[PDB]
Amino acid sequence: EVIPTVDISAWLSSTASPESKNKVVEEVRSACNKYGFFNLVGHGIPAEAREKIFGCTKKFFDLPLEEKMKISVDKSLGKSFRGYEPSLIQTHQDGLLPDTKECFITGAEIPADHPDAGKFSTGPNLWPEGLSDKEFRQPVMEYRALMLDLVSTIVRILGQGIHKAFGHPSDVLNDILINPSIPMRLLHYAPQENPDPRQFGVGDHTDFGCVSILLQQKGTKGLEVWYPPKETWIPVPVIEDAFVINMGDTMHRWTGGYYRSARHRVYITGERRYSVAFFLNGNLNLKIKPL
């Protein structure tokens, strides 16, 4: 068992044959129904954009810890959960140790005086005073835009797989793109030579939202996915020019389980590891209804 790779070039091309485009819908619906994950290529985002966001991520986490804590998540407006979260505080199971993960959290930018500001994960972002807009904020928000565009493509492909499966309009799912809740996290995993097997980078979880898009770093590993049929954890290989796509619980319930939300985690390694995780959640008003 291996996590598959799906090339969406045809679906984004305006000259590809309808056969080529359907083949993309087949490979996607199928990976999401069997593994809940795939690797995605053919997205059209340049290698520069991926280089630039890891530049931002390293600059940020290289900051002094007192410097990051100045925008610690507990300082964000109300229930906007934005800013810096340090390592060794997130836990998953009582027998185990907290996660080595260090993370920085953004969402869609909303002025402080907006009506929804302060509500759950909606409001303004917190930005580090010690970095210039040009070093950090502008690239981060530009990458967010590229991610929003890609996840909108992914959603419409999923909707088309729903059409083929159960006969619904191929825009069943497109209402989550209306004013979406789209957090992203910049992730840092400090390396360890001899790690305790009771501690992970991130422990066994599912994602709660709809779609997640992950950018891993060339030369690292750690991400693995639980596949019930063989009762095994499958590794997710770092593919060149790829994003890792998985389904969340909201998509699970909202389909019949047809798109699976699969358990996954990141074990600790000796190599320093960065990743950028962007997620698409259900809306703040949208009552998500099954089939």
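Position 1 is the first residue in the sequence shown; the rest follow in order.
Here the stretch with the larger average CA B-factor, out of 34 to 42 and 236 to 244, is 236 to 244.
Here 191 to 199 and 159 to 167 are compared by their mean Cα B-factor, and 191 to 199 comes out higher.
Across 98, 128, 209, 183, the entry's maximum B-factor at the CA atom is seen for 98. Out of 140, 71, 150, 214, the entry records its largest CA B-factor for 71. Residue 14: CA B factor in the highest third of modelled residues in this chain (values from the PDB entry).
Among all modelled residues in this chain, the alpha-carbon of residue 77 has a temperature factor (C-alpha) in the highest third. Residue 124 sits in the middle third of its chain by CA B factor, as recorded in the PDB entry. The deposited CA B-factor of residue 27 belongs to the lowest third of values across its chain.
Sort the modelled residues of the chain by CA B factor and residue 20 lands in the lowest third.
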